[PDB]
Amino acid sequence: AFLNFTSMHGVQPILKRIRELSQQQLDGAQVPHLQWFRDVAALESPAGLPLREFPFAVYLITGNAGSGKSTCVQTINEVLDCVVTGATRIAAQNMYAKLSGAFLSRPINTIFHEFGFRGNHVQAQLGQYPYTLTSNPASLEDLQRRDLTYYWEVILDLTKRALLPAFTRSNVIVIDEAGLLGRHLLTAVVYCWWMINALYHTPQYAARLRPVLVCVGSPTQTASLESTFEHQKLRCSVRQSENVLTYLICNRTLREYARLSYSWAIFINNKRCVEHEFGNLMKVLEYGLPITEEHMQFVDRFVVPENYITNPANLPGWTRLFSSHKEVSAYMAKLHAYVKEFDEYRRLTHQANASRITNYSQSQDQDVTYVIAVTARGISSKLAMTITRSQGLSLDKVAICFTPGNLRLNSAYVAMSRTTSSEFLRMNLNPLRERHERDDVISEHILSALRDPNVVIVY
Amino acid sequence: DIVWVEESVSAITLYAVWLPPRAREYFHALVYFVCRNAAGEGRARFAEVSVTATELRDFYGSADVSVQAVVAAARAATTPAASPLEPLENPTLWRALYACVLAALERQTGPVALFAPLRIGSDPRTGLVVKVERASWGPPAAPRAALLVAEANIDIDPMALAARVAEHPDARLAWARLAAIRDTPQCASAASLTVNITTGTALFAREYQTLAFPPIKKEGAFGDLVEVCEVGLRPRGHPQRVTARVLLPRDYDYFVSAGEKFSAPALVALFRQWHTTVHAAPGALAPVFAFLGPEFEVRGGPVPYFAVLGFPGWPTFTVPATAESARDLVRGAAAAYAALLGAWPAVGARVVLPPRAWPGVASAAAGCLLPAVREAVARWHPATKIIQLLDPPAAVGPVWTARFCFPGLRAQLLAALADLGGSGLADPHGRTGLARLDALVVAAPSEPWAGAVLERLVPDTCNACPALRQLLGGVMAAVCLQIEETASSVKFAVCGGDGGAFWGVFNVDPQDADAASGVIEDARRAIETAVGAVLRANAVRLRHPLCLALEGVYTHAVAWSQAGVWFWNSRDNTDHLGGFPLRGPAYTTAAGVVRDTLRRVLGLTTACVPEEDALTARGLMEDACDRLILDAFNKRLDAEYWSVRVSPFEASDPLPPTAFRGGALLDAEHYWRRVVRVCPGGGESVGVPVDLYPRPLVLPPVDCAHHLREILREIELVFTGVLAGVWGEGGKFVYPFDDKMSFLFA
Amino acid sequence: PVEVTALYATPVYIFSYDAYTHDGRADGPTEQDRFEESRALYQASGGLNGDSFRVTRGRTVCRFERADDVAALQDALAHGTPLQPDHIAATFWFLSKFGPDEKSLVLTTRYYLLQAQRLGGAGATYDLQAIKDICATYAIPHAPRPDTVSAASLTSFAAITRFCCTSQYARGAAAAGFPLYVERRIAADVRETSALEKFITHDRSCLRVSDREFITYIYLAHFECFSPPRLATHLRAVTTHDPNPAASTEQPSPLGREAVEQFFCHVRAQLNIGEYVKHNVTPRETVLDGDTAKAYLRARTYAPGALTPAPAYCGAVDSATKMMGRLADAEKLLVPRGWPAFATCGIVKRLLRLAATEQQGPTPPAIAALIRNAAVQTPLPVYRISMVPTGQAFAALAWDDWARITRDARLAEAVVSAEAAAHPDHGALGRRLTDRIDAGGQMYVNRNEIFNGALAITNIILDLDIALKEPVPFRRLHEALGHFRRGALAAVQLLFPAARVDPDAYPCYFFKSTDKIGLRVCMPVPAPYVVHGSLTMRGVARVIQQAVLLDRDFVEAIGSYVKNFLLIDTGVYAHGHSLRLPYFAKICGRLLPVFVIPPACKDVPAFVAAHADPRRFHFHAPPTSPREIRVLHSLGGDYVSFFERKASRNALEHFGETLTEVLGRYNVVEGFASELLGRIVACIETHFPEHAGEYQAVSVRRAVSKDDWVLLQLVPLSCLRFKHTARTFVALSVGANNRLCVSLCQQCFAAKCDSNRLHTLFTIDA
DNA sequence: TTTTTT
Ligand SMILES: Cc1nc(N(C)C(=O)Cc2ccc(-c3cc(F)ccc3F)cc2)sc1[S@@](C)(N)O
Ligand SMILES: [Zn+2]
């Protein structure tokens with residue numbers, strides 16, 4: 001009963017900030033007019049698109065996986081006007097489960113549904129047109145124009161199709177696990193907000209209110225990836241991207257316009273870590289602290305051979321994480337052992353799609369022989385998966401298979417943090433004792449945030 | 001019709017040891033007498049003896065030895081070029097051999113005595129001494145001497161020493177060298193040996209680069225010292241006329257060698273060269289090349305000596321250092337030679353009696369005693385101390401204390417018990433060795449040379465006969481009982497001691513001194529008389545009348561362990577500390593610090609509650625520790641000062657492979673190994689044998705964080721004893737060396 | 001005119017209601033006035049007390065004046081009988097989300113829905129779980145239910161309504177005290193929490209500590225303020241049994257009364273130097289007066305004529321192999337007289353031991369064998385030279401041409417005097433002065449003095465590694481350095497209490513090298529002190545580091561630029577670790593002085609020509625007629641955080657054995673390690689069949705010996721991973737349940753595996 | 001290497 005106390009009394013300053021952030025009237029001229037979105041439809045290519053500022057606010061809620069940010073979202077929903085959304089369908093259902101466990105929450109959908117994402121947008125060329133930012137210092141208008149040119153094949157279609165949605169009744173948009181969304185989406189959401197409040201001439205648009213994006217997510221346990229498929233080489237590539245959280249934390253233009261210093265809440269405590277040591281490991285991992293000999297000796301007690309994890313006879317009921325989809329396709333098989341379209345497209349190509357033909361996760365992680373979790377609205381074993389997909393959902397028992405050379409300490413931290421107890425955790429090698437490419441750039445940014453008087457830390 | 005002369009025998013050496021024909025269990029031994037008549041003129045003489053197998057096994061203590069073994073050893077020793085250093089195989093064999101030949105010389109021929117008048121006869125038909133008799137006419141010539149210095153660089157290969165030390169670990173390095181010469185006698189043929197014998201008539205000096213080669217520098221001649229004598233003899237063993245060459249020592253009598261850097265290999269090599277040179281020409285018999293010393297045994301020995309069992313027939317006395325009183329120790333060595341017939345300290349405990357006749361004398365002495373002491377002997381267990389003493393954590397004062405000692409009680413008691421078992425001896429004439437011990441005891445107070453003999457003859461005799469310890473400690477137990485009984489009558493109170501030495505207190509008022517002397521003297525008189533009466537009643541009669549020594553009067557006395565006692569007389573500030581180990585040069589400074597701290601801490605008798613005194617005492621003890629460790633820093637580079645004398649019995653640090661390269665320095669190591677713990681590099685502490693490296697030494701900084709810890713350990717033992725003995729107990733004085741003053745060295 | 005707010009769910013069933021009357025006083029209502037008014041409103045016998053009734057992000061109308069209507073309203077409000085359509089018309093989720101208890105089901109439903117927003121206050125912004133928690137601590141006496149009906153025996157609304165209406169948490173004192181108790185509890189809680197967060201935010205903002213210290217601090221402080229016991233006692237204090245506010249059983253809370261007594265008591269310890277020294281450093285000094293002071297000086301400091309200008313060098317300078325061989329050759333002339341045989345760390349240890357060895361009288365010192373001169377006087381400096389392309393060339397010198405090395409940065413007395421006349425200042429003057437600024441060949445290009453633990457340290461040499469967000473102006477840096485001088489001198493006068501450090505005349509020396517502002521700060525150890533020990537200078541460095549991030553001037557000046565506030569590195573003081581000397585480069589930046597003149601320096605030219613003297617920047621330099629000398633040889637050992645020590649104390653008090661003690665269970669080096677090797681042999685065959693028959697016949701040999709890390713090399717070792725030279729090792733530490741963490745580790749001398757780095761392969765239980 | 005939106 002005392003567990004809730006800190007959250008109960010520390011979410012109130014958060015609540016007493018989002019209110020003024022949402023009740024701040026804009027000047028008449030700064031409000032995006034309807035004619036703006038009319039001209040956007042007329043524009044064919046995202047080059048002559050005029051530099052247009054779309055005002056918005058943010059409030060950042062950050063912390064470990066089991067930090068308790070969900071309590072903050074719970075308190076927000078029952079007190080404030082809000083449209084609760086999620087970056088993934090799983091995260092949206094998780095929030096619904098945790099919001100209907102206290103009071104009534106309307107069906108929580110994804111942010112993609114909220115701004116009108118439909119079927120044909122799923123496979124759309126989302127990275128085509130270029131942009132030489134007339135920047136340094138980067139004006140907010142230039143950043144928004146970059147994020148609209150990035151999503152031209154989505155923004156243009158949404159604008160054309162538009163030219164009752166839940167964005168017409170609130171200006172506080174809570175995006176949970178927003179680190180799973182790329183930076184292109186942030187501007188997009190704001191842009192779309194103004195759309196749906198301009199065609200309908202909402203009372204908020206008459207009151208000159210502006211969107212406030214309460215982004216709740218873990219900045220060092222979540223990443224966003226962009227996939228582009230080259231249509232001649234047939235080489236589908238996936239590069240890393242800047243998530244909304246990293247975009248907001250690490251961009252000097254957004255950190256000033258949104259004033260992240262007075263608009264940042266870090267939830268700091270785990271509530272399932274009964275191991276001083278498991279907790280200390282997670283702390284060294286989510287903050288970028290120097291790796292010492294003692295940490296190496298602690299994680300030494302988890303290392304079990306390569307042929308012990310991969311052998312299906314060992315660790316029954318333990319989810320096994322690999323860092324390659326081919327590796328999972330091998331392990332699952334081992335465990336089991338224990339015309340017009342392609343005419344015209346061939347014409348147009350001047351001359352791997354099995355993954356790009358359905359839900360990628362199970363499509364590239366399947367041997368279809370089964371022995372489970374529903375993937376779409378397409379079943380997954382939940383017995384073996386990739387580290388990258390593991391970010392989404394927590395696991396009970398975990399055995400991690402690490403490929404040497406490809407060792408990224410963020411991947412190690414994500415893999416090791418999916419389980420509550422360090423007792424039920426086995427690993428291939430020691431990520432702390434092997435060569436690992438650590439990227440501690442967002443870590444120092446949180447550290448400087450933990451070192452700012454205007455940032456609210458909730459224990 | 002036997003010839004008769006007047007001479008004094010200066011030495012007795014062994015020439016030949018042969019097995020005559022039709023003989024199986026008795027061997028004849030020829031003895032060379034270096035006789036000198038009046039005014040020093042010397043004529044060489046010879047005698048023959050006949051030792052039986054039984055006598056050999058008696059003087060050996062075991063039947064393992066046989067006549068064949070002795071004759072084989074003598075035959076091997078006949079030639080020094082082929083094989084010198086013969087005794088090193090079985091030192092006990094040659095020890096017993098000299099013992100029995102001297103005993104048979106005493107028995108058959110008669111009473112012999114070095115440096116003393118003696119009427120000597122001879123039979124021309126055979127040509128040997130026939131009978132020796134003590135004479136009573138003549139101011140015999142003074143035992144002249146000659147100063148000998150000899151140094152040789154015997155190029156012994158270090159690896160052989162390392163291997164031989166590996167076979168037997170705690171082998172004194174002089175034994176390692178000596179075994180190396182024995183296994184390779186050619187090494188004694190090449191050495192830069194230099195010799196300088198100075199006499200009162202003419203000096204003689206020679207220098208060699210290779211020993212066999214002619215000298216590279218001469219002085220005087222061999223003939224100035226020696227008068228080579230060819231004497232014909234007809235022993236009962238040899239029917240044919242046998243000629244013997246001997247090196248009559250004209251001008252001098254015995255040798256005097258400095259024991260500071262004495263090298264037994266050096267004199268062995270020089271005498272081997274002389275043996276080869278003199279007996280090179282044939283047509284004559286060859287003598288025995290035998291020498292004994294502490295360097296001839298694996299574990300070494302306490303007292304330096306160099307026995308001359310054969311060639312050249314001249315005793316050589318090593319007098320170690322003692323430059324201030326060099327004449328005193330030279331006279332002591334001469335007296336020890338003359339009295340015990342030169343067997344001491346080579347023969348051992350057999351000077352008195354055969355090692356195996358003792359089991360009879362001890363039994364024969366357990367019978368003539370009184371009935372009570374008869375059982376008291378039989379119930380003696382090591383360190384019984386059946387007498388009312390003080391608890392070892394205790395202290396006394398201010399009361400009139402006094403220490404007493406019976407000078408030479410174990411030796412005197414051994415002499416009396418030997419006489420009690422004398423009737424039980426097989427031969428009344430075989431009791432002459434029992435006349436040397438009485439001569440030692442009688443002359444012990446008069447001259448200290450008998451002392452050091454008796455402090456080693458007695459403990460070694462007690463090891464020859466284990467049954468004698470239970471007899472001596474039972475007689476001393478009886479003495480302590482009457483000491484305690486008489487003590488009560490004269491206000492004396494037994495509080496501690498170790499038998500012959502005992503300290504106690506007096507129940508007189510602790511302020512009056514005029515009458516203190518009277519009671520302290522009457523207690524001495526009464527205790528001495530009562531102990532003498534008990535000894536007389538026990539039939540044991542002492543040759544020198546018993547005397548008690550007042551070894552000091554003190555007012556405060558504090559004891560912590562069984563041997564640790566500190567006494568202090570406040571009036572004259574005379575103190576005495578015992579039980580503190582003097583295991584080096586730093587332990588003496590520690591003892592001085594302790595004897596000053598205790599003098600200051602028992603000066604705190606100012607009226608105070610006992611609790612206050614404990615703290616103002618512990619503070620001063622900690623301050624004394626501080627002033628000791630501060631002065632330790634100013635001598636951190638004196639490795640010899642931070643040195644510990646390890647015995648060949650105690651666990652020792654392992655010898656570095658470079659200490660086997662000391663050359664003419666490994667020979668000095670006979671008993672003690674002086675080790676200093678230095679700290680090379682870091683963490684590791686390694687031991688350096690200090691006296692096996694040339695000087696000046698170069699070393700890593702001395703690990704004072706090891707020696708000072710042990711010195712401090714014993715200081716805290718003494719300080720915990722005094723703290724828990726004068727004031728209330730419960731305080732173990734510990735000095736935080738590791739924290740307060742560790743930084744100075746580590 | 002009594003107004004009722006009623007929640008219903010279908011004849012109408014009313015199950016929660018809030019009755020109120022408009023306050024006729026302007027500001028008359030008090031807490032007890034409100035309590036009396038409410039207790040009058042809710043009739044204890046049952047129902048209300050009025051004659052006419054108007055019954056009506058927000059969480060959620062009929063008149064009643066005729067006798068029949070009011071009678072029906074009382075009947076339906078005190079018992080729960082449904083209101084028929086005529087009376088009005090003429091005028092599991094709930095049991096789930098509003099607690100299982102009757103107290104919750106009545107009182108929390110009344111407050112969170114029909115009472116929170118109307119009455120305003122802080123409770124309007126609190127969630128349902130928070131309000132239920134407040135109700136749980138509203139522990140008024142509980143009388144038994146007359147019908148003994150359980151709260152879970154309710155199926156329809158006719159049961160919940162009957163439970164609530166005939167409850168005794170609904171028509172009297174409890175129904176009147178709950179709204180006031182919500183306000184009281186929140187007020188008491190926020191009073192304590194807000195105070196604790198004021199302290200938290202302030203200390204966080206002004207901490208200026210290393211990144212790792214900060215994490216422990218936030219977590220531990222949050223635990224003290226918010227912890228199971230502290231929060232429990234705080235809520236127990238606010239707990240009220242009497243609803244009446246005058247005699248409420250809630251008193252001040254123990255939380256905010258124990259933290260300000262335990263950790264926040266010492267949150268102001270790291271917050272102020274004077275308290276950081278008192279509670280975090282344990283000084284251990286030993287005074288040595290007389291000839292022993294002179295003795296300790298020469299014995300533990302570089303010889304007098306070793307850091308004094310000489311025309312040419314004299315020493316042993318050579319590469320690793322050439323000095324390894326020369327060290328052995330010197331030992332061949334050193335072994336004959338005592339030095340034991342030593343059959344890049346061994347070379348540095350041996351060179352340091354040779355340099356430390358002192359002169360015994362007029363005899364040439366031990367290092368004279370290597371340096372080859374009789375004028376050599378020990379102790380001596382030992383340097384490390386990095387060459388191109390590589391090669392650590394160690395160089396032990398007895399004298400060197402330091403006049404030549406510092407000649408470039410030596411300013412003539414005339415120049416400094418002329419600048420002093422032009423600029424009579426200390427900040428703008430140092431500005432002008434700074435603006436006016438083969439192993440044998442590499443000696444004068446790169447040197448790194450190597451710490452010798454045998455000798456005594458006389459200068460506080462701190463390596464300031466500053467990280468930068470962007471390029472900085474020099475003036476800001478010089479002002480920050482003045483602030484650093486101030487803070488360091490305060491810390492020095494705190495650490496050495498019997499000294500006299502006037503922080504306007506005591507000379508501190510500064511040297512500066514897109515990445516970092518390389519700084520080196522040299523301070524004379526004030527007389528009569530001398531510091532001994534690597535750990536002692538580690539502690540001095542921690543005190544200085546946590547003292548400079550206390551002066552507001554330094555953090556205000558350089559704070560906007562330093563990404564990580566950690567400035568001082570404390571790992572360059574271990575035995576055998578080198579520090580780059582000033583007036584030297586790196587093989588990219590020649591450390592050159594930056595002059596921060598003392599504010600009241602009485603000799604400026606001396607201060608400038610004091611940076612060129614090597615003694616000012618050497619660890620074990622000769623101290624510049626000593627009566628007394630105080631050796632600070634300990635400032636406390638392992639400096640467990642002044643916080644994590646409390647996190648070490650709280651570690652067990654909340655969570656719950658060393659390696660040696662755990663070994664006692666196994667009756668405990670090579671003996672038991674070979675037994676564990678037997679278990680390893682059985683599993684290595686299955687886990688790694690390619691080298692199954694290799695470690696079956698190997699011998700354990702302890703290579704690394706640590707308190708919690710016993711590493712034993714398996715000397716017979718082909719690498720199990722990346723099968724192709726490799727060394728196998730047996731680790732020993734603490735297991736999951738305080739067991740034995742025995743690990744198989746295959747360090748590999750190949751490029752594929754991290755070269756010479758220790759790796760783990762499997763950890764098995766014992 | 002690398003998921004996800006209908
Ligand atoms: C004794 C003690 N106990 C403490 N508690 C309750 C915890 O450490 C709890 C906990 C455990 C894991 C995480 C954690 C989880 C992540 F996923 C990432 C990062 C994280 F830190 C956070 C909190 S804190 C202390 S102290 C040392 N501060 O005195
Ligand atoms: Zn390898």
# chains A, B, ... in the order shown; residues from 1 in each chain; ligands from 1
$ residues_around --residues "residue C:222" --least-positions-apart "6" --cutoff "10 Å" --atoms "only C-alpha atoms (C1' of nucleotides)" --output "ChimeraX atom specification"
/A:6,268-269,457-459 /C:196-197,200,216
$ write_last_selection --atoms "N, CA and C atoms" --output "PDB file, in the first residue's frame"
ATOM      1  N   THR A   6       5.119   7.290  -3.322  1.00  0.00           N
ATOM      2  CA  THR A   6       6.005   8.211  -4.023  1.00  0.00           C
ATOM      3  C   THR A   6       5.398   8.662  -5.342  1.00  0.00           C
ATOM      4  N   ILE A 268      12.557   6.855 -11.633  1.00  0.00           N
ATOM      5  CA  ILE A 268      13.912   6.447 -11.315  1.00  0.00           C
ATOM      6  C   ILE A 268      13.994   5.075 -10.657  1.00  0.00           C
ATOM      7  N   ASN A 269      12.894   4.472 -10.217  1.00  0.00           N
ATOM      8  CA  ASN A 269      12.980   3.226  -9.399  1.00  0.00           C
ATOM      9  C   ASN A 269      12.343   1.996 -10.013  1.00  0.00           C
ATOM     10  N   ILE A 457      12.188  14.341 -10.735  1.00  0.00           N
ATOM     11  CA  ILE A 457      12.527  12.932 -10.566  1.00  0.00           C
ATOM     12  C   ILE A 457      11.527  12.296  -9.614  1.00  0.00           C
ATOM     13  N   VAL A 458      10.940  11.180 -10.031  1.00  0.00           N
ATOM     14  CA  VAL A 458       9.934  10.478  -9.242  1.00  0.00           C
ATOM     15  C   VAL A 458      10.501   9.124  -8.848  1.00  0.00           C
ATOM     16  N   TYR A 459      10.489   8.829  -7.552  1.00  0.00           N
ATOM     17  CA  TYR A 459      11.053   7.578  -7.057  1.00  0.00           C
ATOM     18  C   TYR A 459       9.952   6.545  -6.841  1.00  0.00           C
TER      19      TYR A 459
ATOM     20  N   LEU C 196      11.556  17.354   1.713  1.00  0.00           N
ATOM     21  CA  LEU C 196      12.572  16.396   1.300  1.00  0.00           C
ATOM     22  C   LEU C 196      13.002  16.624  -0.145  1.00  0.00           C
ATOM     23  N   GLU C 197      12.072  17.006  -1.018  1.00  0.00           N
ATOM     24  CA  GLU C 197      12.420  17.293  -2.404  1.00  0.00           C
ATOM     25  C   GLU C 197      13.153  18.614  -2.560  1.00  0.00           C
ATOM     26  N   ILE C 200      16.509  17.477  -1.847  1.00  0.00           N
ATOM     27  CA  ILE C 200      16.956  16.617  -2.938  1.00  0.00           C
ATOM     28  C   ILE C 200      17.406  17.454  -4.126  1.00  0.00           C
ATOM     29  N   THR C 216      24.400   6.560  -7.108  1.00  0.00           N
ATOM     30  CA  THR C 216      24.224   6.053  -5.734  1.00  0.00           C
ATOM     31  C   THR C 216      23.482   7.143  -4.970  1.00  0.00           C
TER      32      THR C 216
END
$ residues_near_ligand --ligand "ligand 1" --cutoff "8 Å" --atoms "only C-alpha atoms (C1' of nucleotides) and all ligand atoms" --output "ChimeraX atom specification"
/A:63-67,268-276,278-287,417 /C:215-224,227,643-644,646-655
$ select_by_dssp --residues "stretch 10-61 of chain A" --states "alpha helix (DSSP H)" --output "list in words"
residues 10, 11, 12, 13, 14, 15, 16, 17, 18, 19, 20, 21, 22, 34, 35, 36, 37, 38, 39, 40, 41 and 42 of chain A
$ residues_near_ligand --ligand "ligand 2" --cutoff "6 Å" --atoms "only C-alpha atoms (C1' of nucleotides) and all ligand atoms" --output "VMD selection string"
chain C and resid 719 721 to 722 726 748 750 753
$ residues_around --residues "residue D:3" --least-positions-apart "5" --cutoff "9 Å" --atoms "only C-alpha atoms (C1' of nucleotides)" --output "ChimeraX atom specification"
/A:180,224-226,360-361,388-389
$ write_last_selection --atoms "N, CA, C and O atoms" --output "mmCIF file, in the first residue's frame"
data_model
loop_
_atom_site.group_PDB
_atom_site.id
_atom_site.type_symbol
_atom_site.label_atom_id
_atom_site.label_comp_id
_atom_site.auth_asym_id
_atom_site.auth_seq_id
_atom_site.Cartn_x
_atom_site.Cartn_y
_atom_site.Cartn_z
ATOM 1 N N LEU A 180 9.800 3.807 -29.664
ATOM 2 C CA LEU A 180 9.582 2.911 -30.787
ATOM 3 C C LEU A 180 9.156 3.651 -32.044
ATOM 4 O O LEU A 180 9.038 3.021 -33.102
ATOM 5 N N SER A 224 14.369 2.783 -32.743
ATOM 6 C CA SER A 224 13.545 2.764 -33.942
ATOM 7 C C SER A 224 14.431 2.541 -35.156
ATOM 8 O O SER A 224 15.525 3.105 -35.250
ATOM 9 N N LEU A 225 13.958 1.714 -36.084
ATOM 10 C CA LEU A 225 14.736 1.311 -37.243
ATOM 11 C C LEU A 225 13.943 1.588 -38.510
ATOM 12 O O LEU A 225 12.723 1.399 -38.536
ATOM 13 N N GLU A 226 14.636 2.031 -39.555
ATOM 14 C CA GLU A 226 14.017 2.310 -40.843
ATOM 15 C C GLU A 226 14.495 1.297 -41.873
ATOM 16 O O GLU A 226 15.701 1.083 -42.028
ATOM 17 N N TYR A 360 6.693 -9.082 -40.278
ATOM 18 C CA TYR A 360 8.089 -9.486 -40.415
ATOM 19 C C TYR A 360 8.526 -10.427 -39.302
ATOM 20 O O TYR A 360 9.243 -11.408 -39.559
ATOM 21 N N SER A 361 8.106 -10.146 -38.066
ATOM 22 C CA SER A 361 8.599 -10.834 -36.880
ATOM 23 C C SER A 361 8.512 -12.346 -37.020
ATOM 24 O O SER A 361 9.535 -13.035 -36.996
ATOM 25 N N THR A 388 16.192 -7.350 -30.668
ATOM 26 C CA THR A 388 15.510 -6.121 -31.052
ATOM 27 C C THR A 388 14.012 -6.201 -30.780
ATOM 28 O O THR A 388 13.419 -5.242 -30.274
ATOM 29 N N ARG A 389 13.380 -7.330 -31.104
ATOM 30 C CA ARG A 389 11.965 -7.484 -30.784
ATOM 31 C C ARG A 389 11.734 -7.649 -29.291
ATOM 32 O O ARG A 389 10.653 -7.311 -28.801
#
$ residues_around --residues "stretch 257-271 of chain C" --least-positions-apart "4" --cutoff "10 Å" --atoms "only C-alpha atoms (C1' of nucleotides)" --output "MDAnalysis selection string"
chainID C and resid 192 196 199:200 202:204 206:209 217 220:221 223:226 230 233:234 252:253 275:280 546:547 549:550 642:643 646
$ atom_distance --atom1 "atom CA of residue A:299" --atom2 "atom CA of residue A:68"
26.0 Å
$ residues_around --residues "residue A:228" --least-positions-apart "3" --cutoff "10 Å" --atoms "only C-alpha atoms (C1' of nucleotides)" --output "ChimeraX atom specification"
/A:123-128,231,235-239
$ write_last_selection --atoms "C-alpha atoms" --output "mmCIF file, in the first residue's frame"
data_model
loop_
_atom_site.group_PDB
_atom_site.id
_atom_site.type_symbol
_atom_site.label_atom_id
_atom_site.label_comp_id
_atom_site.auth_asym_id
_atom_site.auth_seq_id
_atom_site.Cartn_x
_atom_site.Cartn_y
_atom_site.Cartn_z
ATOM 1 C CA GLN A 123 4.462 -0.317 -47.542
ATOM 2 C CA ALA A 124 5.111 3.241 -48.703
ATOM 3 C CA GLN A 125 8.346 4.867 -49.826
ATOM 4 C CA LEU A 126 9.041 6.826 -46.670
ATOM 5 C CA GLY A 127 12.593 7.974 -47.324
ATOM 6 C CA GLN A 128 12.788 9.183 -50.903
ATOM 7 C CA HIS A 231 14.132 -2.861 -56.081
ATOM 8 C CA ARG A 235 18.618 -6.076 -50.684
ATOM 9 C CA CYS A 236 16.314 -4.993 -47.879
ATOM 10 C CA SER A 237 18.381 -2.856 -45.514
ATOM 11 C CA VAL A 238 17.514 -1.675 -42.017
ATOM 12 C CA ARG A 239 19.350 1.330 -40.596
#
$ residues_around --residues "residue C:717" --least-positions-apart "3" --cutoff "10 Å" --atoms "only C-alpha atoms (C1' of nucleotides)" --output "ChimeraX atom specification"
/C:691,694-695,698,714,720,725-728,746-748
$ interface_residues --of "chain B" --to "chain C" --cutoff "10 Å" --atoms "only C-alpha atoms" --output "ChimeraX atom specification"
/B:630-631,633-634,637-638,656-659,661-662,678-682,686-690,692-701,739-746
$ residues_around --residues "residue D:1" --least-positions-apart "6" --cutoff "10 Å" --atoms "only C-alpha atoms (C1' of nucleotides)" --output "PyMOL selection string"
chain A and resi 238+322-326+386-388+403+406
$ select_by_dssp --residues "stretch 425-534 of chain B" --states "strand (DSSP E)" --output "MDAnalysis selection string"
chainID B and resid 492:497 501:506
